Amino acid sequence: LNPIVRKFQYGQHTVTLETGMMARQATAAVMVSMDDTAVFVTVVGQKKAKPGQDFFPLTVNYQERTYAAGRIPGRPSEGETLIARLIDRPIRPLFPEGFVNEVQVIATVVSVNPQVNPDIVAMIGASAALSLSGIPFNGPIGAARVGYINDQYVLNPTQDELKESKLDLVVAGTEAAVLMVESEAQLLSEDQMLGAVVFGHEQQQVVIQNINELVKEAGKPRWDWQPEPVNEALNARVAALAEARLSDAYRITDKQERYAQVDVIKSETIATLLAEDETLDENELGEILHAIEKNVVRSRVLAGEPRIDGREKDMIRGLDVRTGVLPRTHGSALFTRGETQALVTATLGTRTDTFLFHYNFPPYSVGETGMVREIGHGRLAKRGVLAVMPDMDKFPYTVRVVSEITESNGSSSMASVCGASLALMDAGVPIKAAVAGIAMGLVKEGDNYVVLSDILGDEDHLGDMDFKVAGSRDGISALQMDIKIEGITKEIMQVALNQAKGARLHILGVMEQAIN
Amino acid sequence: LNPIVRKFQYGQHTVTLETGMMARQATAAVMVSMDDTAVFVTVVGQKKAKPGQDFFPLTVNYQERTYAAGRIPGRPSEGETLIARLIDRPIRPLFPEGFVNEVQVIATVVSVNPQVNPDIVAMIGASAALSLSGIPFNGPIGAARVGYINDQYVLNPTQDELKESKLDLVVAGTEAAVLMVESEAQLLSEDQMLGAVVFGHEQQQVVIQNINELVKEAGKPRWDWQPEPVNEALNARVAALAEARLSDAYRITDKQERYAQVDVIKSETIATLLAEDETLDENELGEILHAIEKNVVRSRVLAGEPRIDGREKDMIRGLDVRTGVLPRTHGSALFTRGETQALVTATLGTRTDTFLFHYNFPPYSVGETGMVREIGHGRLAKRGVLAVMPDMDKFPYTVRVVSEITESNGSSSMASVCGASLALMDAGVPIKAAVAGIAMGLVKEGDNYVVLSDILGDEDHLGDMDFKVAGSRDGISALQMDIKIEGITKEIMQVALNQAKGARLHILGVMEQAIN
Amino acid sequence: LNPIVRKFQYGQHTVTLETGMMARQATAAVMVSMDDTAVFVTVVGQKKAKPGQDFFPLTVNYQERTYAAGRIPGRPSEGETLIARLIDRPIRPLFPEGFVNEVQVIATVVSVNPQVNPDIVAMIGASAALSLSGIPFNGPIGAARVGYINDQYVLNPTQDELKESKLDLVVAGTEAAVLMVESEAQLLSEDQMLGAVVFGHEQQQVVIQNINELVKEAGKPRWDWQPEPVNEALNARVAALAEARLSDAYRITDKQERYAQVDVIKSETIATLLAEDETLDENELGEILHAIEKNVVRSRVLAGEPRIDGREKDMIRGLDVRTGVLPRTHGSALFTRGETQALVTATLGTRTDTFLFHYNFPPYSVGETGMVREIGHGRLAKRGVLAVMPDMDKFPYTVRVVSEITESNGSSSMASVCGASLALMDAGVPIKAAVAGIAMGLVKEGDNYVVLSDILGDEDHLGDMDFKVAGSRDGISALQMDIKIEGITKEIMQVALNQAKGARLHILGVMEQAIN
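Residues numbered from 1 in each chain as written, not as in the entry; some residues may be left out. Chains lettered and ligands numbered in written order. Heavy atoms only, no water.

- Per the deposited record, determination of this structure is attributed to X-ray crystallography, with the resolution reported as 2.6 Å.

Right under this line is the structure:
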């Protein structure tokens, strides 16, 4: 039994990567350690994907052991699944197009230095393990937390350094790109936020470098996977009789009339092929039509044509703000933007831990049935309001906000930030200033790129980069980003954030006008 | 965004129905409010039922939000699923015969006036929402709680008015019929109980009227669903060679010999058709035989013939009562009636909340396997005993009863009322008087109707109305009814209840004789 | 309703078996009682096994009612599932070869005498019920707990008699054989342990005798089940072209080269038959090859040939011991034996209840994916360490050990006993002496038998008897056995245990050398 260690300094802290001695049956496993906070990360990738499949089964697990802090207790906890998401987000888009083999990443914290948060350490481990595994993965990736103290950027600030920080942000990217950003801020500017992202992305390059060396020394041979064929002949004679007819069908304004022409196009086209050949699995055929359709829309947006509902790239849907909606609640509000709506409440009684945010996403919000996601959205919406909350001494009452997503087709989470803002004011909570959220999208093709404001549910495919921003008129309180494409520069981000600031301000304008 | 409100007085309270502004994606949604207690009720009905299906997927969800009462907590709770049942029961039989599309009703309490119970308010909402939806539904329905104070009926008594009430009953019906009744009473008479049912049914008509007007103004177009064809030709030549042979097979007394003749009939008949045609899906064929069989029995009972086990409409199965069955329990009993049996226990130690009733229904009670319903049955059996419990000052001990349904083929819940009665006496609990329960059935055809005492498990199909009654010799402590047919008048109910009183008394006679 | 009782003295205690009055719908049900501790045990066996099936669905359920002890609470609990295992283990191998009908045994405690443990009483019940049922079952079985006080064996010692006992062991067997043993001991000798097993097996014969009489008087007619045909013609011409080639393929040492020759053999053989006949369900064909293969190995081991990995019957895989592996834990260790590994931890802070053992078995330990068995293994490993723990007054600190099975291919549980030993020493816990565990196997054919040390994961089929032993250099702290074959005498056990003592000592030698 012989371990392979690789050590390096990651600004102020020493990071060690040990592999080859533990869990040798996993596809690859790494014990990442950073100044006494150790997370053992493992990875298993099934060798053969089910027949056809049609869906990449990627699942990350983050477990925190209480013995890791020298304590005896007396799931998974929501916080644990939040960090699992923090790891899943950046690595998920790096798996090649077509890879549908099951992959499970398990991260479990084995030792904890109360000053060094296990999260980025676990992210580092998942990147190392995945890279060493040889599973088709276009990594590695780095991970960094950026703080803001004395108006200067800080690299991986300790838990108490954060007490004097005005920013808590996490960025993860490869060598040439930022993939995901998750943050909470005390009303900073897009420019300051952008600087944290770029700073972090650069500072973490040290990590991607070491992982690379370790892969040279201990890495396994890259799988000889192979994408698995695409019937580019079938979906060639599908586009042959639908492509053009559809690009025209998308020019007719009457919404319900557009579906008709499309449905005709999809009906005629399928029947015509089932007559040429046959036994062609309509399902797959319809699956191809849906694709040239999503591309017809992608081509129209890039060309400057109206979005699917008629809006232009910067248009926000119709707002509607109502306060004091429920009789016996300390504070209620009904914020609705287009087709996504949120009923929000505030209750008081004898910061966070003093501030509680709960999110509910019933199935009827999307006109469906099902059991009665609301976990990651809740944390985002909470970060979006944190900046505005009173100093506890200014308001000695624990406050709890609850959001009911009654409608959804845009971004329930951003909508619940606005409702929370309103409800708290309706409850008499002395919040620093109203706060609002907006969900954006960025579609790109070569150099032609377009920023979208208030993305629809069915505009998700245009989100080569979809991001959320929340704050008041004076600054950004929360910023979340997820990039799945390359290119997209810091300059392009500046543009994107600016258009998002506009949308925010527009929404605040309507909000401030509601609560006179 | 424009809401449609409809307001009306519901005796002492003002009821408001708001629709069209929230959750516009649900098939229909209503915010029902009654003197500050608001429940937002929603409804979603899938447009297309699975292929064939053979089973109506109706599911109701009742959620109570703690913020609704201005409080911060610190599922679903059993009480929440009890009320979900309270809503499901009356609306479930109103969906046309053959409708198998999925339907989900979600009711969530958004504001609570401690004096106005959210339950009837949620029932009202589910009726409004369902009606407005346009889903094939023969409603609406009303809902009312009836109390008994100063020997007079009370409409929707407040929580503290109930402290001076001797009756807590809930009735729900359409315009021409009562569909379900759930109650708890302090030993009243069938006549007084009947008066509460009828009174409530009339008083709630105001509700069905307003819902109707709202449907005129805001209702959606009725679905163009259509029942979906019945092969009345296949199950015509199935009855052609089985109908008569079966009506005779049901005249032979030897139980095990009767099955034989039937099984022969079912075997020969299926084989004969598979020889005429073929590829006829035996399963469906057997599914048709089971139907003319259940009808042969239905025709025999209406004609005055003996039930399937030999009994006459008023006969109760053989009883058997045993006390002090378990060595170390404060109180035990083994009550068995026919083929349904209950092992019941009582434990004491330092009213309800002081009185706890738990129910267990293992799978071997029906000769089956499975995980180890016992929730709605438990509440019923508890109401059945409540009336008899001592005044707490007369007996300063919290008491807990547990019922184990060791056998089942009639009504485990009524059996557990009898066992609880016995066990408590065996434990020395100064109960006012012994109490017993009986599960009845009412089968009707035009004007010819028959009341059945102590219904069997496989007599459930004869229950056009099946109901339960429990009490002592002096009165009724619990009454539960579920009607799925029209006609059945108050006069017919009087008859039914009377035959049930007889059965009760008969059981009490045997019980009182056990515990000398 | 008429019950059939059968009473008899079981040394110091009176055992009563009542059947025929409760749960008459279960295939059979018995109320077993022993000096006031009563457990009602039931059994249901589906009459027809699914089509083909290929897997015996046996499931035991043990429930403990709090009213059984005259108390009001205020799952199943892990302890409850431990006892369910205690019942499942001995009865599971008694179901004839080929029986795949579902069988569920439910045991629920109805009365508890704090002195007489419900467990053996429930075991007795499951044996009685199963026997009476008539389900194909080669029982009955008995059950006995054996204590060790004043250097003499004790039959079913009471809970406080155990306070002065140096042994807590449970044995269950038929008339001619011991099937399962589960124990915890204060460092006794194999000889003393063996004496408890044999003593218990003899003492419990009184039980198997009475159950037999009761079956004569009340038992049901034995099912006319019938094994269900084996295509001994197909797997005759599979062995015809694979048997010999495989027995040779298993002589080549190169591991990866052996698989190759085998895979060729399996490939060629299947293709050749699919050419003779066809539509032969390869799956079933491969299912037959796997069988003559497992038999080729079984024949080689009995003949004295090397095991599949090259080892001889007494060889233990390569060890590796590491201490102080994690930075902030009070005590850590990395014990690895061959391909099974355990990361173990110890945390201190303000015997058992004062001693906590938790076990984790992630799916990557076997190179697989899945949800994140670890319950029965944890209890065993804990018993394995109990003997060594300080007298609480010698060490006033509650200690908690956690084991992470990072690798598995032998016996994670025995490995976690060794790690726990180490970790506790690393934490400074004054344990009496180091302790280790070994998992053995015994393969038998007529009179030729072979004992295997440190069984592999894929050697499980050679375990006609597989057992585990744990202890220090001075004695045995835990002993678990599971026999699925007949013959195997006490003399043969003596041999087996002795070879296991050797393995233990060998492991302790390496361990004591690690922690200098």
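On we go.
### Things to note about helix α7 (residues 282-302) of chain B
Since the α-helix packs 3.6 residues into each turn, any two residues three or four apart lie on the same face.
Residues and elements named next belong to chain B.
Inference 1: Between its terminal C-alpha atoms α7 stretches 30 Å, which fits the 30 Å expected from 21 residues at 1.5 Å a residue.
Inference 2: Listed as buried for α7 are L285, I288, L289, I292, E293, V296, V297, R298, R300, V301 and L302.
Inference 3: Looking at the packing, one finds that the buried side of α7 touches α5 (243-249), α6 (255-276), β16 (436-445) and β17 (448-453).
Inference 4: At the exit of α7 stands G304, carrying a positive phi of roughly 95°. (Helix = DSSP H or I, 4+ residues; strand = E, 2+ residues; numbered from the N terminus. Expected span 1.5 Å × (residues − 1). Buried < 20%, exposed > 50% of the residue type's maximum accessible area, 1.4 Å probe, protein only. Contact = heavy atoms within 4.5 Å.)

### Quick word on the relation of the copies chain B and chain A
Inference 1: Of the transformation superimposing chain B on chain A, the axial component is 0.0 Å and the angular component is 120°, with the fit at an RMSD of 0.0 Å. One copy is carried onto the other by what is essentially a three-fold rotation axis. Measuring from the rotation axis to each C-alpha of chain B, the shortest distance belongs to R75 of chain B, at 8.3 Å. (Least-squares fit on C-alpha atoms.)

### With respect to the side chain of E80 of chain C
Residue and element names in this part refer to chain C.
Inference 1: Along the polypeptide, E80 turns up in helix α1 (residues 78-91).
Inference 2: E80 gets classed as buried once you look at its relative accessible area, which sits at 6%.
Inference 3: With near-sequence residues (within four places) excluded, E80 lies in contact with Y62, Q63, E64 and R75.

### Regarding the pattern of salt bridges
Inference 1: Scanning the entire structure with this criterion turns up 90 salt bridges over all chains.
Inference 2: The partner of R322 of chain A in a salt bridge is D320 of chain A, and the shortest N-O contact between them spans 2.5 Å.
Inference 3: For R322 of chain A, a relative accessible area of 24% puts it in the partly exposed group.
Inference 4: Look at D320 of chain A and you get buried, because its relative accessible area is 13%.
Inference 5: The shortest N-O distance in the salt bridge between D309 of chain C and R311 of chain C comes to 3.1 Å.
Inference 6: Of the residues examined, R311 of chain C reaches a relative accessible area of 6% and is grouped as buried. (Salt bridge = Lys/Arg side-chain N within 4 Å of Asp/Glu carboxyl O.)

### Let's talk about the sheet that holds strand β15 (residues 399-407) of chain A
Residue and element names in this part refer to chain A.
Inference 1: An order of β11-β12-β13-β15-β14 is seen for the five strands of this open sheet, with the pairing classed as mixed. Edge positions in the sheet fall to β11 (319-323) and β14 (355-360), since each has one partner strand and no second. Strand after strand, the sheet turns through a mean of 15° between neighbouring axes, direction not considered.
Inference 2: As defined by bridge partners, β11 adjoins strand β12 (residues 331-337) across five bridges and the pair is classed as antiparallel. The residue bridging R322 from the neighbouring strand is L334, located in β12. (Pairing = 2+ DSSP bridges. Axes fitted to C-alpha atoms, helices over the stretch in contact; angles between N-to-C directions.)

### Topic: the sheet that holds strand β13 (residues 340-348) of chain B
Residues and elements named next belong to chain B.
Inference 1: Reading across the sheet, the five strands line up as β11-β12-β13-β15-β14 and stay open at both edges, with mixed pairing between neighbours. Each edge of the open sheet is held by one strand with a lone partner, namely β11 (319-323) and β14 (355-360). Averaged over all pairs of adjacent strands, the angle between their axes in this sheet comes to 15°, without regard to strand direction.
Inference 2: Along the sheet, helix α9 (residues 412-426) contacts β11, β12 (331-337), β13, β14 and β15 (399-407); its crossing angle with β12, the most-contacted strand, is approximately 145°.
Inference 3: Contacts between helix α10 (residues 490-514) and the sheet are confined to β11 and β12, with β11 contributing the most and set at about 30° to the helix.

### Concerning the packing of helix α6 (residues 255-276) of chain C against helix α7 (residues 282-302) of chain C
Residue and element names in this part refer to chain C.
Inference 1: Contact geometry for α6 and α7: axes closest at 10 Å, N-to-C directions at 135°. The orientation of α6 relative to α7 falls into the category oblique. Two packed elements cross with a definite hand, and for α6 against α7 that hand is right-handed. Between α6 and α7, the contacting residues are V262, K266, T269, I270, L273 and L274 on the first element and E282, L285, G286, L289, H290 and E293 on the second.
Inference 2: Split by residue class, the contact of α6 with α7 holds six nonpolar, three polar and three charged. (Parallel < 35°, antiparallel > 145°, perpendicular 65-115°, else oblique. Left-handed = near helix turned anticlockwise from the far one by under 90°. Nonpolar A, V, L, I, M, F, W, Y, C, P; charged D, E, K, R; others polar.)

### Regarding the nonpolar core
Residue and element names in this part refer to chain B.
Inference 1: Counting residues in each nonpolar core, the largest one holds 170 residues, and the members touching the most others are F95 and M511.
Inference 2: Ranked by residues supplied to this core, first place goes to helix α2 (residues 118-133) with ten residues.
Inference 3: The contact partners of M511, leaving out residues within four places of it in the chain, are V321, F335, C418, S421, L422, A434, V435 and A436. (Core = buried A, V, L, I, M, F, W, Y, C linked by side-chain atoms within 4.5 Å.)

### Examining the interface of chain C and chain A
Inference 1: Facing the 36 residues of chain C at the interface are 33 residues of chain A.
Inference 2: Taken over both partners, the interface formed by chain C and chain A buries close to 2,700 Å², and the fraction arising from carbon and sulfur atoms is 59%.
Inference 3: Three residues stand out in chain C for area buried against chain A, namely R328, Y364 and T369 of chain C, and they jointly supply 27% of the buried area on that side.
Inference 4: Applying the counting rule to chain C against chain A returns three salt bridges.
Inference 5: The closest approach of N and O atoms between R328 of chain C and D36 of chain A, which form a salt bridge, is 2.8 Å.
Inference 6: In this assembly, chain C and chain A are joined by 15 residue pairs in polar contact. (Buried area = accessible area lost by both parts, 1.4 Å probe. Polar contact = N/O pair within 3.5 Å; in protein donor to acceptor, adjacent residues only side chain to side chain.)

### Topic: helix α3 (residues 190-203) of chain B
Inference 1: For α3 of chain B, built from 14 residues, the straight-helix expectation of 20 Å at 1.5 Å per residue is met to within 8% by its first-to-last C-alpha distance of 20 Å.
Inference 2: All buried positions along α3 of chain B are accounted for by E190, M193, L194, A196, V197, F199, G200 and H201 of chain B.

### Concerning the interface of chain B and chain A
Interfaces are frequently sized by the accessible area removed from exposure as the parts join.
Inference 1: Counting residues at the interface gives 33 residues for chain B, matched by 36 residues for chain A.
Inference 2: Summing both sides of the interface, chain B and chain A together bury roughly 2,700 Å²; the carbon and sulfur share of this comes to 59%.
Inference 3: When the area that chain B buries against chain A is broken down by residue, the three leading residues are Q25, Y67 and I72 of chain B, summing to 26%.
Inference 4: Linking chain B with chain A are three salt bridges.
Inference 5: With a shortest N-O distance of 2.9 Å, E407 of chain A and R24 of chain B are connected by a salt bridge.
Inference 6: Here chain B and chain A share 15 residue pairs in polar contact between them.
Inference 7: When residues of the side of chain B that touches chain A are traced back to their parent elements, those giving at least two are β4 (37-45), β5 (58-64) and β6 (103-111) of chain B.
Inference 8: Here the element with the most residues in the side of chain B that touches chain A is β6 of chain B; it accounts for four residues.
Inference 9: In terms of residue class, the side of chain B that touches chain A is made up of 17 nonpolar, ten polar and six charged.

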